[PDB]
*Asks:* 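Can you read through this structure? Questions will come right after.
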Amino acid sequence: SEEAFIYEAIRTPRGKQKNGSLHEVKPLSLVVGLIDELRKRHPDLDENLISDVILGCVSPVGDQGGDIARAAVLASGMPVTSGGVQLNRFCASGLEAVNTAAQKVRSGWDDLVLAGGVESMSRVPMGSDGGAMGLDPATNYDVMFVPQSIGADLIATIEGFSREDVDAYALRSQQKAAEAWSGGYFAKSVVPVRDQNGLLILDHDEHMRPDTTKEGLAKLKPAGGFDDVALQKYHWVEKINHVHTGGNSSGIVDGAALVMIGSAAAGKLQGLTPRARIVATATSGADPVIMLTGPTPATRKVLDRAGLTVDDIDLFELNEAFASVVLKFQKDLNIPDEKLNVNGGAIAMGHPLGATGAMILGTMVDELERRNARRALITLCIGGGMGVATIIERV
Amino acid sequence: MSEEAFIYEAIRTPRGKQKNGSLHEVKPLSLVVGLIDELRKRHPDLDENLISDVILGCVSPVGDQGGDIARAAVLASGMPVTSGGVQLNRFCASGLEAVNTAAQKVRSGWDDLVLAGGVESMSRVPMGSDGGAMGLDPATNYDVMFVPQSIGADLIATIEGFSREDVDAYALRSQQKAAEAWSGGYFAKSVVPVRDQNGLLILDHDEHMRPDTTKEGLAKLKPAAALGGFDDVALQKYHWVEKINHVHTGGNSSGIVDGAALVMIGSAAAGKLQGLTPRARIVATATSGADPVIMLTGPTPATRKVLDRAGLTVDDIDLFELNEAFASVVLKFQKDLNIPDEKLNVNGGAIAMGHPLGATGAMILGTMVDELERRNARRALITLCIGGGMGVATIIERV
Amino acid sequence: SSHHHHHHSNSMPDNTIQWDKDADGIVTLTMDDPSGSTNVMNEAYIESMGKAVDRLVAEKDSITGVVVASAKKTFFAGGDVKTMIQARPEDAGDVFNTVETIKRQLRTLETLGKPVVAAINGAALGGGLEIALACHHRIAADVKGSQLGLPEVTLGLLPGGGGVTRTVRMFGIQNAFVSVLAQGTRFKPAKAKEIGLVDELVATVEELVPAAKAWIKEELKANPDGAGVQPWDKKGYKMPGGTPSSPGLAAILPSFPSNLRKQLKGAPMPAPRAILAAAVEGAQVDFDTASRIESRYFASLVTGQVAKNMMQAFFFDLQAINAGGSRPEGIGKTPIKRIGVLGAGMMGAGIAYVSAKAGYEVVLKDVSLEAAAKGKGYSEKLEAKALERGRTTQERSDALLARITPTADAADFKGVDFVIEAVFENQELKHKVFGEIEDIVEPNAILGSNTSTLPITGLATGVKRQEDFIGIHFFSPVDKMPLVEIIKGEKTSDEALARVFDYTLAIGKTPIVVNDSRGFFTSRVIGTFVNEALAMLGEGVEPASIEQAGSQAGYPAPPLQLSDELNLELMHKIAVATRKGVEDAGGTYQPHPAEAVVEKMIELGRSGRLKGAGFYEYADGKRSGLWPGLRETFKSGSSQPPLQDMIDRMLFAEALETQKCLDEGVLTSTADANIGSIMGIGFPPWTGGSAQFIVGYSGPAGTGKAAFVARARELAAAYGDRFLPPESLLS
Ligand SMILES: O=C1N=c2cc([N+](=O)[O-])c([N+](=O)[O-])cc2=NC1=O
């Protein structure tokens, strides 16, 4: 019934893993910093009308345990009635939080919802939470658990993506990310992180290597017998071509992102101006061994659900977990090259698991408005073989 | 808000006790897969490809409960790989939040058939194992006056004037109604016994129950936060209160147990296509909160909000189900809304049978679906207090 | 990245470190700041250590070990308070960079690959101990007066030169915070070695540098692989008590902030909680990341208001008092031989104990030998508790009690040159008691009176030598209260001021000098504190809230509890004397609203703890709890003002009352007002004193004197004209 609109979409800069600027910053502080920015954007906002705060977090332990979303509500002084829930759907958690917020707004039982995610991978490395799919031999031996990097190398082997092909995609991601920063595209959405004294800690995406060359990408080296496990299922493949390095894979970084979502009435009541409308969401899946093929049926599903086709979509934003995944996605749906990840992706700027979905979502909200374009489709692959997709329409 | 969300199945495991419990040897992933296999047994021809998501509440998602245990259940149980799997954590209401989120996904129209519930193996993954952004940050913990739930319950009893005999009288009442419900066969078809990989019985009853509980036995227990300082912190906010009367013991508080629950939620068209009979309808859901130091007064504004959202009053509700985290919280809830006693937790609660954090919300929800059918009544309202002083309430209507 | 403050472009600071390299390759850094008698962590030190640390790296091939020593009586004490007290919020970047540069030098020294030994010859406090903690081995000389610790929390700061980070990695979070950091405890060298702060001791200072070079030579020969490597820089390091992620410490970690909040009673003291945050956060990351977090919390305290309050009082105000700021200029000395205490009550017995503990022969007279004997038992009871705690030997305790001679005969005051009377608060009684003794004592004896309210000028007429009559006001319990309020009568000579001034320092207490005026400074100001609380009680405010308000304001005792020990009958005749002075001068007395509550409790037979019942109940000599009939008597709960309003009313009443004492000439300096209010009546240390509270007030509406007046006018419009500020505070 109700229509869900995006009113604000902001994110922190992404600090790198080794000697990163955000390593001294607790993930709770990353979220609270963005809450304080929204207050600066709308100081007359009646926070009592915020009914929930939904955060994605893939490793909710230690600094990220104990429902970090509720911690953000209390630490930031938001009303105690503003809720706070943590969710984990692996890489899509940030976008799942946005989709869930939109679906709660559509049901009419939530008025104004904050959504996003947070992941401080330099403080809480992935796998810190444990898990049965990895640490239980009975079920690990059955689901054929394989790290996602090997799934990506397998995709490049089947589709025929050479080492030069995946490095060529990594290069343009660096080029397009550098062009977006220098062009001022991110000047409004990337909120610099500061300490309790106001001193600057970080104001840009440290993981970026804008002086990347194709010759440098070739010098890089690729990354338990998991190769034999994957080839046991994909038996028609004799050998996996390991083409993925740290230069054509997503960067491990720290960051957080927030998105404010509400109904037209909820925004009008609070003097907010809508920026985009959530058209449709979808969730699908694919092979759990190859792992990173979920986005293709999830994108197909969200298009049929909205009565749209690829030709109706202006921008395609797929998370750059690995270069072959994006090239597989581009090849399958025949995505024009000038519509895909136009402002660079995780290869250049980093992939802070729980926050990524909300970051690339807000990235398309800005780019649609900047280009004065109509529709954008956002999707992420997920560990375990899942897929989430979202279509937004500029307003 | 177009599609109506319906409950088609709601089952749970028995709750195994903390010390020498029957479920201590059972991985929490197995407790969920067992419930999945029970749903297949009840509907062998259901096209599992129409299940679009599996949403599990879990308050300590670490170790045996980390790595998106909902996704682990999908893969381990051989469910279609497109059935998703998401873990959420909203403290005590995680189980009901998962159901509420499942229902809200169906109402938006972008999901067809969703499994929802929770899992908590507290004998294997104790409360607090996940750490906590508030606990590991003294700068946060100092500002937001963190107080454990047991002291908020004592503070509620002090303000409202609930004596040690009052809270123990409710605790006796919960043990009795729980034993009557088990003896009367009420739980025969919803409590799914846990078995090993050979089919051997492990647990078929809520072994935390103490049906021979007496008033005198409860009075002999000692009050329960053993480090100190939290009383002073609490009274720093409630400065008009002089002394906290610690009245809560292990016999009038929720039991630490292991368990899991699953609920199947879908649209009318979804159940019709799979040949399913709808058992009840999700009328309305709500989320509110109250004072974070008292923490456990959150259920009251969430209940008034879900009643107003559904256009109902207390009189329109036939059964009230509130989680028995602490006896004083229930007596405060009953006192605030003038809930008739014959309508409140009519089959017992967590004091008798236990409170498996992430799964409790779905357990007491399914308890009301079964009791509405057994009594042929119309409406039931289910609510739970939450840590950090949040509240979740849900109204269901028998179909 | 640099070891220096500047890296661009007249005037450079002097050198404070001497360099010396022996034939073995052991460099001896001898800190000797020519600008003072104590090495301090100022800009001259930072530049001097920067050159030395640069030189240690450049000549590392010819250097085998380092020794850090001092040429002063002390080792190294404190930082530049004059600079840190001027740090504005905009100066946070400069403060941050300074401590980061300071720790960058100590970190290079620490990771030199060579053993560094600290030769601690004297006191190593604050920044001094932080330099020693950066060394791999610490040797101290067990000399008299030597103290070691990190007492910056007492100035509203934290150990920002690695003190937090290193102690936590030496002792764990809990032990470092509780034993060293949270209260800035000082340790004698023997205690320092016992807790792990110091490794070895020597009897004299001349053995230090040789023993240091000896330990270097043996460490190189015995442990060549781990020489110059701190425990936390080894691969298998495991923090004592565990890291925040270890299951054992994680089980009790969330209770650390609540326990600290219990200790502080909810008072607004930010430095302890900043230390706890830096400690815990630092233990989650590497040493260098931990150190940088330490700098950010430090900069947060230095630019805050509370640190400026504390630095103003406990450093500048205290130093001015201890330097004879209130003492008459040209007066010599006059040693004391025999002290004569009149009265064996709690006051007189406490005065005789602190006088005997200082090494004086005391004659303790009372009306009966049984009474004087029970007075000396107060000293025996404290000595017996110090024997069990092990703080004094049986030989030293026996000599202490042997200096107390309990008597009932006035002739036993023969040869007494210092009289301290502590009898009942009654003029003609003190007149009588002094008359019985003025001719037996020495003709040059000081005639001191421990009076709370009666003016000294009137008390002086009861003796012959009024020039030697003076008010020497102590505070219960005397063995713990550190202030002495010296009251100058009209006839009191300037020499008598100095003799009591010198006596106060001899017994280890802090003096203030006050001109004669009934109520003096302490009693008058503390009266407005308890009167505001009794006003709130009469207005219908809950007693539990009033007590909570007093504790969260920062007071050591809540006001209803304190009123029960001041005795309400004494408060009654205080107002009766005030009412008589106004009505005899023809004026109209405006009674304080608290007077109606006092007379009410008197009528109900609950005049205080001394008579068994007051605002609290008392059983077996202990306080039981708030009297249940209190709520019914005053309709408690009918008035529910904000807690901050209750807190501010108590603080502002004393702050405003202090300003009057300064205006009327009762006090002579703001230093005496601040320390006098803190050490005398227990004004909260975070305010820096009742005078500093005005110039440094901080509320939601602003900061400073202007914001104080706005809040005072806010309180006056809602609670009464008594909160109106004097013209001295207005513009
Ligand atoms: O008992 C009843 N239950 C009902 C349940 C529903 N329901 O919604 O499931 C409805 N209805 O649909 O209006 C009407 C009902 N009328 C009744 O009398």
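By convention in this document, chain letters (A, B, ...) are assigned in the order of the sequence lines, proteins followed by strands, and residues within each chain are numbered from 1. Just so you know, these numbers use all the heavy atoms, side chains as well, and skip hydrogens, waters and symmetry mates.
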*Asks:* With a 4.5 Å cut-off on side-chain heavy atoms, are A:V279 and A:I392 touching?
*Replies:* no

*Asks:* Could B:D64 and B:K27 be called an ion pair, given the rule that one side-chain N must be under 4.0 Å from one carboxylate O?
*Replies:* no

*Asks:* What part of B:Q65 lies closer than 4.5 angstrom to a heavy atom of chain A: side chain, backbone, both or neither?
*Replies:* neither

*Asks:* Please classify the contact between B:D53 and chain A as side chain, backbone, both or neither, with a heavy-atom cut-off of under 4.5 Å.
*Replies:* side chain

*Asks:* How long is the gap from CE on B:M127 to SG on B:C92, to the nearest 0.5 Å?
*Replies:* 8.5 Å

*Asks:* Start with the C-alpha gap between A:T390 and A:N99, add the side-chain angles, then the distance that decides, and say whether side chain to side chain donor-acceptor pair (under 3.5 Å) holds.
*Replies:* CA-CA 8 Å; A:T390 296; A:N99 292 357; 2.6 Å; yes

*Asks:* With side chain to side chain contact (heavy atoms under 4.5 Å, CB included) as the test, pick out the partner of A:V53 among A:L114, A:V31, A:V113, A:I35.
*Replies:* A:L114

*Asks:* Given that the side chain runs from C-beta out, which part of B:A76 has a heavy atom under 4.5 Å from chain A: side chain, backbone, both or neither?
*Replies:* both

*Asks:* What part of B:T140 gets closer than 4.5 Å to chain A, counting heavy atoms only: side chain, backbone, both or neither?
*Replies:* side chain

*Asks:* Between chain B and each of A:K301, A:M133, A:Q86, count heavy-atom pairs under 4.5 Å; write down the option with the most.
*Replies:* A:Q86

*Asks:* Taking A:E96 first and then B:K105, would you say they form a salt bridge - that is, a charged N and a carboxylate O separated by under 4.0 Å?
*Replies:* yes

*Asks:* Between A:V61, A:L87, A:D129, which has the largest tally of heavy atom pairs under 4.5 Å with chain B?
*Replies:* A:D129

*Asks:* Counting only heavy atoms closer than 4.5 Å, note whether A:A282 contacts chain B via side chain, backbone, both or neither.
*Replies:* neither

*Asks:* Go through the atoms of B:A139 and report whether side chain, backbone, both or neither lie under 4.5 Å from a heavy atom of chain A.
*Replies:* neither

*Asks:* Side chains of A:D111 and A:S263: any donor to acceptor distance under 3.5 Å?
*Replies:* no

*Asks:* Side chain from CB out, backbone as N, CA, C, O: work out which of these in A:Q196 comes under 4.5 Å of a heavy atom of chain B, or both, or neither.
*Replies:* neither

*Asks:* In terms of heavy-atom pairs under 4.5 Å with chain A, which of B:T287, B:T285, B:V144, B:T101 leads?
*Replies:* B:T285

*Asks:* Return the option, out of A:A280, A:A71, A:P60, with the maximum number of heavy-atom pairs under 4.5 Å with chain B.
*Replies:* A:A280

*Asks:* How far apart are the closest heavy atoms of A:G84 and A:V73, and which atoms are they?
*Replies:* CA-CG2, 4.4 Å

*Asks:* In terms of heavy-atom pairs under 4.5 Å with chain A, which of B:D68, B:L136, B:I69 leads?
*Replies:* B:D68

*Asks:* Side chains of B:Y238 and B:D291 only: does a donor on one sit below 3.5 Å from an acceptor on the other?
*Replies:* yes

*Asks:* Which one, B:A290, B:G391, B:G131, leads in non-hydrogen pairs under 4.5 Å with chain A?
*Replies:* B:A290

*Asks:* Quick one: do A:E393 and A:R277 make a salt bridge, cutoff under 4.0 Å?
*Replies:* yes

*Asks:* I need the residue from A:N88, A:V58, A:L28 with the largest number of non-hydrogen atom pairs under 4.5 Å to chain B.
*Replies:* A:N88

*Asks:* A:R305 versus chain B, heavy atoms under 4.5 Å apart: side chain, backbone, both or neither?
*Replies:* side chain

*Asks:* Where on B:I282 is there a heavy atom nearer than 4.5 Å to chain A: the side chain, the backbone, both, or neither?
*Replies:* both

